[PDB]
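Asker: What follows is a single structure, and I will ask about it in a moment.
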Protein chains: 6
Amino acid sequence: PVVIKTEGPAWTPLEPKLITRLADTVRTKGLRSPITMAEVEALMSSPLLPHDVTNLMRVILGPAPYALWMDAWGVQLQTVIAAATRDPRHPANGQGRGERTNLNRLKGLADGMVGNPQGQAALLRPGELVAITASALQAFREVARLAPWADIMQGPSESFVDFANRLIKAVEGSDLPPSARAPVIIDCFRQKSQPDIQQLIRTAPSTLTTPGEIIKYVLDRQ
Amino acid sequence: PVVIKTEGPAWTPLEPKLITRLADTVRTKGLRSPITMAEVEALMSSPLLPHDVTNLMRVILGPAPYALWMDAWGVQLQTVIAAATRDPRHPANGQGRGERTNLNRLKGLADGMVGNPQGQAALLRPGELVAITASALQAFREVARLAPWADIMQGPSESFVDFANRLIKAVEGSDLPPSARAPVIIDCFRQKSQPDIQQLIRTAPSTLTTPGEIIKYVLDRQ
Amino acid sequence: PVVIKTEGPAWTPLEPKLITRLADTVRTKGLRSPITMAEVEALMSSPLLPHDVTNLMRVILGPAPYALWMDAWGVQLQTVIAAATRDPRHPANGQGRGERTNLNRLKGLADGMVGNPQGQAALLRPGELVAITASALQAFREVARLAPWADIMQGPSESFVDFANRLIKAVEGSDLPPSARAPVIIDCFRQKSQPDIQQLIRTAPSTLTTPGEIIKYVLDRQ
Amino acid sequence: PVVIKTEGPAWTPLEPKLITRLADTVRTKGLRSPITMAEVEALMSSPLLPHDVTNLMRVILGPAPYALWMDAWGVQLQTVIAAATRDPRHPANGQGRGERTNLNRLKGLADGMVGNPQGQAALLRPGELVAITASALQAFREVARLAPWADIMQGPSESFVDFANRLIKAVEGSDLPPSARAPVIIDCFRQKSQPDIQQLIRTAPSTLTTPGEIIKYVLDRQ
Amino acid sequence: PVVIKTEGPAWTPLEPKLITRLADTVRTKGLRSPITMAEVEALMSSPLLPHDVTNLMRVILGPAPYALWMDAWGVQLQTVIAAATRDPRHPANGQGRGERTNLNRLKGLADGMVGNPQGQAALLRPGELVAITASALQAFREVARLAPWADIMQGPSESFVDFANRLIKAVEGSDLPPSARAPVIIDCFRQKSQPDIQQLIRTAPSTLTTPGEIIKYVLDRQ
Amino acid sequence: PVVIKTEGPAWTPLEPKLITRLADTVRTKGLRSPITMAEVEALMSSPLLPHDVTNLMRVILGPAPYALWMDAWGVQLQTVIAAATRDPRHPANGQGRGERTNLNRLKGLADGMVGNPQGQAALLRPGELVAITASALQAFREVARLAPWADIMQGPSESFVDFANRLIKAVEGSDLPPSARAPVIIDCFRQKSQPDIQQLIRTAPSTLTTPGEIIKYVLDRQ
């Protein structure tokens, strides 16, 4: 992370203990655990430098997952670059004519950044760290994604709430665009729930358009 | 949370460890545990940004409970908006003519806030964070509520204090308006306690109008 | 708690972890445990706001004990009000003519304090927080008191020191005014201890007037 | 403890957790444990106010031990008062004519100190806190002392080092004036050690006058 | 580590607890554990002085491993010296004519540095600490390396991902120059994987040139 | 330890918890454990006052070991005094004519230092604390030393690395002057290792003069 000191931007390493701690969480709970995800997001709540993210991931992830994270990160950074190239006002760009970002800077490979977190802190702009961090985080999620919702049905002894949570987690972790998730989830609620639930949802008000709204409606009738 | 730095308002993430810790508390103790409630309230003792609350809840709550929290939060925020719309002096509103709050700001979706906790800290007013935080907390309580007081009776081997606590917890977690809770609780004490207790309470002074007052009176006579 | 910042008095929440921790202590050790008492006193060593004390107690205490604490606190606050009303120079009062304290302020219910720890910090005076805190603490002790010294006698296989500690704890936790405790304890030492101890104490110097003095005298003769 | 803030001396409570922690140490390890002693000394390394010491001891000690501590503390404070009365330049005294210390101040009972750690911090001088703290600590040691060295002999299967440590601990915890301890310990080494050790020590250089010097000499010959 | 204070650069020791903690990690998990490596890297994220690194390594490593670390460090420092000697603009050199670094300074043996972390902090330049730290870290990796990839083949019941991670770890820990690792790893994927995987990789696009790219391609087809 | 505050040098006690922690380490792991040594060195990384060192050692060491530490410390301090007496420019001496150090100051017994860590902090010079600390540390090592390398031979089922580490630890903990350790260790490698190792070392390059160099050479041939 970076903190503004008297002379200027300075590098401050992530606490070694939290890194080790997360490494354990990843190992004990798995990449797809809400605990892990929450902890990783927490550690990445403060803008990180390339040096921070690569060493963080290298440590908490296995050799293979780290290799996957690196490819995912590269792709994510490239999408940032494509956007920053198309829009001069992109926050990753500097205000000045010669301040557009590039892939070398985002990876901390540009002149004066190579293997130097202090130089990265001194040269990268706040907007670049935001992109670097969000990119690294998304890359982590992709790795966790790659670490079927359409076959999920409410079991005869399974409660609605358990089926709803199971189904929602599968859809949110799927390849669907986010905008398709709510309609897809509600369709599965209407079609794949047990007979009594299917009748509750059938006659629900037509204004209930989110999964949470439908869940409340059903739970209120149990 | 937000801290006022030299240049102005800045975002400071909630400690990752406390978030993970609460996630465990929720998982091990349950949503309706006084331990959980106490810990959540503690973590939400400092005004939070939309970014803080959504990521906090997404992490400590399961997919389903989080979907419920989101719907509850939306409702709570809307009640804030309704109040801020009716009263220009509402603390969530800015002093200036074009400073009334709106749902987009409270959700951190307004221009310059989207997915940016730093921008949220720079743009949201203290009063808006208070509303955002209180709203998020109430939404959490609602989720815990949805995670019967009228059938509770003092068992033949059950102590009064245990029946009183059991009954009070059921009434406080019920759908009654808060103003009805004390009269309802005292009525149940008078009618549903064991015969000896019913006689103690029968002749209690008419000035004892709270559950705590009646409990003391009974305990003093044991 | 309150800390004086640049702009003025500001609210700082009690650490969520210590609150949870105390909740555990109360649950595992009990209200009448010296461990609990010590920990509660420690947490209440810094002046607290109404918001701090009510949420602290609501969390660490069960529904019933909390209802009892609330009644006890009300009584304690009223005694403060009675004193502040009788003596204009009472520390809970402000120096100015219109600065006497009242029950609404002490409960954080006065204009601008309702459900707002920041406003409470900005409006309550240091002396009011002292009273609020001492009152809350005393209320806690009362609850622990209500959660017999006259029948305590030294058992035939019980050591004097154990009987002395047992007896002293019972007398200190009793309804006696504090000024009666030392004479009552020493009387019990003289009358209810085993025959050999009764003879040691019989001929003790007449200048030994505290329980600790008599204990030392006896222990010195063992 | 006291910290000098902008407006002046201010009270800062001892960390509740360390107090609870020590209470456990006292309970689990005992008063005469080097662990306890070390921890207590550590907690009392920073000058404490009357409020700090009494509440610290009340919490970590049982009712009886606390009553003993209070008597011991009173005696210790009186010795400080006797010294400060005889020597105007005593550090517990203020530089000014009307600044001699007295027992009421040291106990935090003087005008403006009663039950008020903030007032104690504002009124007590640094030298008074030093005396209050050293006195409280000595009182703790006395309590631990009261919680035989002359019969200790080296057992036939006991090593010299173990006998030496056993003996030294008994002599240091005894009623001997500190100046008598070294000669007494060395006499016991010469007379009460096993035959082979008695011969080693017999012909030791006459310049070895401390227990540590004699121990080294013996260990060097094993 | 070094922190810039008012008077200038000052030495601040690494937290004793993290050092002890890492010592345990090394002992319990081993030198070649990603946990250890991550923790060591974390502790060495802040520029260290010779005093910091030697005492850190002496403590966390056994006598033999420490002797190996010392030889490795010497070699690493010499490579730094060779580079700083060939390039006057090397960051380890001072801007002034008489400010080139030398082995004595890097080892903290130069005039005023010997056994004095405060003097080292006052005399060594930021660039020298960077070199000292990176050198110490590389020396640690070498020790871990010395604490076969060509025989690794995917087992008949072994998953591709497990074989890929196993193989990648062996190649990264090998004597190959880093530039040879990716081609060597991909060759092993093509030749030493199970028959079905060999067919997947055979017809992969010719643009997939990293191990991570090939892994993704295969995983996408499982 | 000492920290420079506004008014000047001030005493800050070592954290009670780390002291207790080390006491446990000493008790559980022993004085000759690399864990203990590392932890003690860590705690003594910041210049300590006489008050700090004596109370630190008194707490973490048993009565006997502490008595030994005190004698060792006295000897170490005297060597410092001998050096500071012979060289006026010795860092333990003040720049002024009447600023040479003496044993009373180093032990914190000089006027104004007796039993007063605050006075010690105000009167002792930085160089004196360095000497006091290094002396205390060396005294600790001596105690650990006194808490045979010539008979060590590589066992028939013992690996070279294990024999090398065993031997090196024995030689480093011996009475040899440090300058004799490397030649003595290498001689033992050549003469007391198993036959195959003896042949590896026999024909080693004549430039390999440290134990680490020879170890690497052997390990490279295994």
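The numbers used for chain D are those of Swiss-Prot, and the residues that appear cover 240-386, 391-465, in sequence.
Any Cβ shown, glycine's included, is placed from N, Cα and C.
Pulled these features from Swiss-Prot for this protein:
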REGION    D:290-298  region 'Involved in capsid protein dimerization'
REGION    D:351-362  region 'Involved in capsid protein dimerization'
SITE      D:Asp418  site 'Involved in capsid protein dimerization upon acidification'
SITE      D:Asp430  site 'Involved in capsid protein dimerization upon acidification'
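Surface or core, plus neighbours and distances: that's what I need for these features.
Answerer: For the region 'Involved in capsid protein dimerization' (D:290-298), the residues of the chain that approach it from at least six positions outside its boundaries are 240, 250, 252-253, 258-259, 261-262, 282-283, 305, 308-309, 312, 347, 354-356, 359, 371-372, 375, 378-379, judged by C-beta separation under 8 angstroms.
Listed by sequence, the residues of this chain that lie at least six past the ends of the region 'Involved in capsid protein dimerization' (D:351-362) yet keep a Cβ under 8 A from its Cβ atoms are 241, 247-250, 252, 288-291, 344.
Around D:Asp418 (site 'Involved in capsid protein dimerization upon acidification'), no same-chain residue at least 6 positions away in sequence has a Cβ under 8 Å from its Cβ. DSSP assigns D:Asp418 (site 'Involved in capsid protein dimerization upon acidification') to coil in the three-state reduction, outside any helix or strand.
Under a cutoff of 8 A between CB atoms, and with a sequence separation of 6+ in the same chain, D:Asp430 (site 'Involved in capsid protein dimerization upon acidification') has no neighbours.
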Asker: What's the straight-line C-alpha distance in angstrom from D:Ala386 to D:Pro391, 4 residues unmodelled between?
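Answerer: With 4 residues missing, D:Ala386 and D:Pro391 have Cα atoms 14 Å apart.
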Asker: Using DSSP, what is the helix/strand/coil residue split across the region 'Involved in capsid protein dimerization' (D:351-362)?
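Answerer: So the counts come to 7 helix, 0 strand, 5 coil.
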Asker: Taking DSSP states H, G and I as helix and E and B as strand, how many residues of the region 'Involved in capsid protein dimerization' (D:290-298) are helix, strand and coil?
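Answerer: Secondary-structure breakdown of the region 'Involved in capsid protein dimerization' (D:290-298): 9 helix, 0 strand, 0 coil.
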